[PDB]
Amino acid sequence: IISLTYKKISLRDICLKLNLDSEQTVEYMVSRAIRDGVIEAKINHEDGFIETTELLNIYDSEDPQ
Amino acid sequence: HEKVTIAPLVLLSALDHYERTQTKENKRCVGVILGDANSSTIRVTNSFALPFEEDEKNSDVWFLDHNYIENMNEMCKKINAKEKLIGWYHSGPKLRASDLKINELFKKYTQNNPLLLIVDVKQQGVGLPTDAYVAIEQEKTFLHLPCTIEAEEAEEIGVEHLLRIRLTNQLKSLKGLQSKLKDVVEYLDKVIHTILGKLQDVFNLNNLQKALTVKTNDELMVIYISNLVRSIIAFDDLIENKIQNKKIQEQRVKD
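The rules behind the values
- Residues numbered from 1 in each chain as written, not as in the entry; some residues may be left out.
- Chains lettered and ligands numbered in written order.
- Part of a larger assembly, values for the part shown.
- Heavy atoms only, no water.
- Helix = DSSP H or I, 4+ residues; strand = E, 2+ residues; numbered from the N terminus.
- Rg over C-alpha atoms; globule rule 2.2 N^0.38 Å.
- Buried < 20%, exposed > 50% of the residue type's maximum accessible area, 1.4 Å probe, protein only.
- Contact = heavy atoms within 4.5 Å.
- Areas by Shrake-Rupley, 256 points an atom, 1.4 Å probe, with all protein chains shown as cover.
- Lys, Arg positive; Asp, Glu negative; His and termini not counted.
- Charge placed at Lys NZ, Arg CZ, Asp CG, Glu CD.
- Buried area = accessible area lost by both parts, 1.4 Å probe.
- Salt bridge = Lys/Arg side-chain N within 4 Å of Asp/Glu carboxyl O.
- Polar contact = N/O pair within 3.5 Å; in protein donor to acceptor, adjacent residues only side chain to side chain.
- Nonpolar A, V, L, I, M, F, W, Y, C, P; charged D, E, K, R; others polar.
- 1 Å grid on protein atoms, 1.4 Å probe; cavity = no way out; pocket = protein on both sides within 12 Å on 5 of 7 lines; lining within 4 Å.
- Points joined across faces, edges and corners; volume = space filled by probe spheres on them.
- Pairing = 2+ DSSP bridges.
- Axes fitted to C-alpha atoms, helices over the stretch in contact; angles between N-to-C directions.

The deposited coordinates derive from cryo-EM, with the record listing a resolution of 3.8 Å.

Some remarks on the overall build of chain A
Helix and strand counts for chain A come out as 3 helices and 3 strands. Helices and strands appear in chain A in the N-to-C order α-β-α-α-β-β. Relative to a compact globule of 65 residues, whose C-alpha radius of gyration would be 11 Å, chain A shows 13 Å and is clearly more extended. Seen through its principal axes, chain A has C-alpha atoms that stretch 45 × 20 × 20 Å. Residues counted as buried form 15% of the 65 residues belonging to chain A. Sequence separation of at least 24 residues holds for 33% of the intrachain contacts in chain A that already meet a minimum separation of 6. Counting every atom, chain A has about 5500 Å² of accessible surface; 51% of that belongs to carbon and sulfur. Treating the 7 positive side-chain charges of chain A as one cloud and the 13 negative ones as another, the clouds have centres 4 Å apart.

With respect to unusual backbone geometry
Of note in this structure, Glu40(A) is not a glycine but carries a positive phi near 55°. By the element assignment, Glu40(A) lies in the loop between helix 3 (23-33) and strand 2 (41-43).

A short note on the interface of chain A and chain B
Tallying the contact residues gives 5 residues for chain A and 6 residues for chain B. Interface area for chain A against chain B, summed over the two sides, is near 620 Å², with a carbon-plus-sulfur share of 51%. Contact with chain B buries surface across chain A, with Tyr59(A), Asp60(A) and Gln65(A) losing the most and accounting together for 87% of the total. One can count 0 salt bridges joining chain A with chain B. One can count 2 residue pairs in polar contact joining chain A with chain B. A per-class count over the side of chain A that touches chain B returns 2 nonpolar, 2 polar and 1 charged.

Things to note about empty space enclosed by the protein
Residues and elements named next belong to chain B. Reported here for the largest cavity is a volume of approximately 70 Å³. Breaking the lining of the largest cavity down by element, the ones donating at least two residues are strand 2 (31-36) and helix 2 (67-77). The biggest single contributor to the lining of the largest cavity is helix 2, with 5 residues. Considering only residue class, the lining of the largest cavity consists of 8 nonpolar, 1 polar and no charged. Of the volumes computed, that of the second largest cavity is approximately 30 Å³. In terms of lining, the second largest cavity is formed by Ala14, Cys29, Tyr89, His90, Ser91, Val119 and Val121.

Some details on the sheet that holds strand 1 (residues 8-10) of chain A
Residue and element names in this part refer to chain A. Taken in spatial order, the 3 strands make up an open sheet running 1-3-2, and their pairing is antiparallel. Of all strands in the sheet, those bounded by a partner on one side alone are strand 1 and strand 2. Neighbour-to-neighbour, the strand axes of this sheet turn through a mean angle of 20°, independent of strand direction. The sheet contact formed by strand 2 and strand 3 (residues 49-52) spans 3 bridges and is antiparallel. Within the sheet, the bridge partner assigned to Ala41 lies in strand 3 and is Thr52. Strand contacts of helix 2 (residues 11-18): strand 1 and strand 3, with the helix running at about 75° to strand 1, the strand carrying the most contacts.

Quick look at the structure:
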């Protein structure tokens, strides 16, 4: 839900909304769901935010066919 | 450019002159066609057959009787005054070297550009074997025009009495490719210009079609969208028939 809100969101701001423990716990949970193609995003450690890799625009692809 | 349209009366006549004449020993049957070439669409409403003899080993010896030209003219003018000589046809698809010499015989009789008609009696090709060439200034070159069939109740009706999409097109594309394959192989054996000039333009105008594939699927799903609502409407036809048949069942039980 929080990933579909904003494309670029800070790492520490995620633990503030869900009242998580630390940043090391949320780091594993975000990269866990992308194995099945759930979140569809990437985590930038040097930048400091999690960018969503979904640009939509599937009208140019063959998937709906 | 212009167009060529031929009624099946002329097509069947040219194909039936081979068996009646009993032409053998790999010879040709030459005949004359009538129609109007003045318009953009040439329509051939009549055809005939003339005796023709030419030596195979000598291409400089040819004979054509001109009495049949004057006899058919006096015969047609007393029947159909709208028919004039627009050219002549041959008995086979393969072009010979005598096409330029025969063109000089009818240039005085014909009042327009002589039309060169090519009809295959063997029908070893695909689709329409009939070809139509137009001789213009090159010395002289033959420009080919697409041949069609005349749509009228004076011809196609008799065809229906005697006789009674892409899959065919893909087989026609193979015929054009095999012609270019044999042309390149036979060219290398004779060595180690107009064909090579137009050949390189085909490749550069299906690896290039992959660049528009991103924009090709834009209108491809619209077909499925049009087919999605097409299939849904099909249920309204079948379900209504089920309701109609259900009411028929109630009428038979009560009867």
